[PDB]
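First comes the structure, then the notes that go with it.
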Amino acid sequence: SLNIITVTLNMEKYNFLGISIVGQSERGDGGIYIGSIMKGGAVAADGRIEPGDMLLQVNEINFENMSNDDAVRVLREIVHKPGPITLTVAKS
Ligand SMILES: O=C(O)c1cc(Br)ccc1NS(=O)(=O)Cc1ccccc1
Ligand SMILES: O=C(O)c1cc(Br)ccc1NS(=O)(=O)Cc1ccccc1
């Protein structure tokens with residue numbers, strides 16, 4: 001059953017998300033997943049996003065039908081800039 005949440009991290013007290021991502025989307029097949037979360041990042045601090053959650057959107061960028069390589073580069077660009085980061089995930 002679909003369980004999709006949108007989480008805003010203010011990135012004030014944290015210098016990175018602290019996630020690894022695996023997989024990519026065949027239309028409707030696979031997806032980009034949170035592989036691991038490290039303590040001391042913004043994602044661990046919030047605690048709602050877990051390994052096995054599917055990454056759907058970050059800020060104004062959709063991650064459905066994005067390659068894993070492209071997803072890593074987009075995330076680096078966003079985390080290396082100041083401001084809040086809004087992640088939309090599908091819970092496992
Ligand atoms: O080892 C890397 O190149 C790496 C790059 C990114 Br971007 C994120 C994590 C990476 N290493 S890892 O083996 O997955 C360990 C880890 C996992 C989450 C956050 C930071 C490091
Ligand atoms: O901040 C992250 O977790 C991150 C994840 C991915 Br996938 C790609 C880039 C990321 N941010 S980053 O600052 O460019 C590299 C990083 C990744 C994990 C921990 C600390 C730094």
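Identifiers in this document derive from the order of the structure tokens: chains are assigned A, B, ..., residues are numbered from 1 separately in each chain, and ligands are numbered from 1 in order of occurrence.
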Residues within 8 Å of ligand 1 should be enumerated using only C-alpha atoms and all ligand atoms and returned as a PyMOL selection string. chain A and resi 17-21+35-38+41+72+75-76
Write a file of the selected residues as a short mmCIF file (atom, residue, chain, number, x, y, z; two decimals), in the first residue's frame, keeping N, CA, C and O atoms.
```cif
data_model
loop_
_atom_site.label_atom_id
_atom_site.label_comp_id
_atom_site.auth_asym_id
_atom_site.auth_seq_id
_atom_site.Cartn_x
_atom_site.Cartn_y
_atom_site.Cartn_z
N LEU A 17 23.08 15.43 4.12
CA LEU A 17 21.91 14.54 4.34
C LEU A 17 22.38 13.27 5.07
O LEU A 17 21.74 12.89 6.07
N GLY A 18 23.49 12.69 4.62
CA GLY A 18 24.10 11.48 5.20
C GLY A 18 23.43 10.22 4.69
O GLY A 18 23.10 9.34 5.51
N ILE A 19 23.22 10.13 3.37
CA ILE A 19 22.55 8.97 2.71
C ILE A 19 23.44 8.43 1.59
O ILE A 19 24.22 9.21 1.02
N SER A 20 23.33 7.13 1.33
CA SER A 20 23.72 6.48 0.05
C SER A 20 22.45 6.06 -0.70
O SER A 20 21.44 5.77 -0.02
N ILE A 21 22.48 6.10 -2.03
CA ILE A 21 21.32 5.70 -2.88
C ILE A 21 21.75 4.56 -3.81
O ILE A 21 22.92 4.51 -4.22
N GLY A 35 19.90 3.41 0.38
CA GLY A 35 20.67 2.19 0.72
C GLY A 35 21.08 2.18 2.18
O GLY A 35 20.98 1.12 2.82
N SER A 36 21.55 3.32 2.69
CA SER A 36 22.05 3.47 4.08
C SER A 36 21.92 4.93 4.52
O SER A 36 21.87 5.82 3.65
N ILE A 37 21.83 5.14 5.83
CA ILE A 37 21.79 6.48 6.48
C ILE A 37 22.83 6.49 7.60
O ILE A 37 22.84 5.54 8.40
N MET A 38 23.73 7.47 7.59
CA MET A 38 24.79 7.61 8.62
C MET A 38 24.31 8.59 9.70
O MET A 38 23.63 9.57 9.36
N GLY A 41 24.05 13.13 10.17
CA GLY A 41 23.45 13.84 9.02
C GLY A 41 22.05 14.35 9.33
O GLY A 41 21.50 13.95 10.38
N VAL A 72 22.97 11.19 -7.90
CA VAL A 72 24.12 11.51 -7.00
C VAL A 72 24.58 12.94 -7.27
O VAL A 72 24.86 13.67 -6.31
N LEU A 75 22.01 15.61 -6.10
CA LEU A 75 22.00 15.66 -4.61
C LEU A 75 23.23 16.44 -4.12
O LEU A 75 23.06 17.31 -3.25
N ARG A 76 24.41 16.20 -4.71
CA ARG A 76 25.65 16.93 -4.35
C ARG A 76 25.43 18.43 -4.56
O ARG A 76 25.77 19.22 -3.66
#
```
Neighbouring residues of ligand 2 are defined here as those with any atom at most 12 Å from a ligand atom, counting only C-alpha atoms and all ligand atoms; list them as a PyMOL selection string. chain A and resi 9+11+14-23+32-44+55+58+63+67-82+85+87
Report the residues of chain A whose backbone DSSP state falls under helix (DSSP H, G or I), written as number ranges by chain. A: 42-46, 68-79
Would you pick out the contacts of residue A:1 at 12 Å or less, using only C-alpha atoms, so that residues sharing its chain but fewer than 3 positions from it are not included, and give the list as a list in words?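 Once the adjacent positions are removed, what remains is residues 4, 90, 91 and 92 of chain A.
You can rank A:64, A:53, A:46, A:12 by their closest distance to residue A:29 using only C-alpha atoms, and at the top of that list sits A:64.
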Strand (DSSP E) per DSSP on the backbone: members of stretch 9-80 of chain A, as a list in words: residues 9, 19, 20, 21, 22, 33, 34, 35, 36, 37, 54, 55, 56, 57, 58, 61 and 62 of chain A
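The interatomic distance for the pair atom CA of residue A:57 and atom CA of residue A:7 works out to 10.4 Å.
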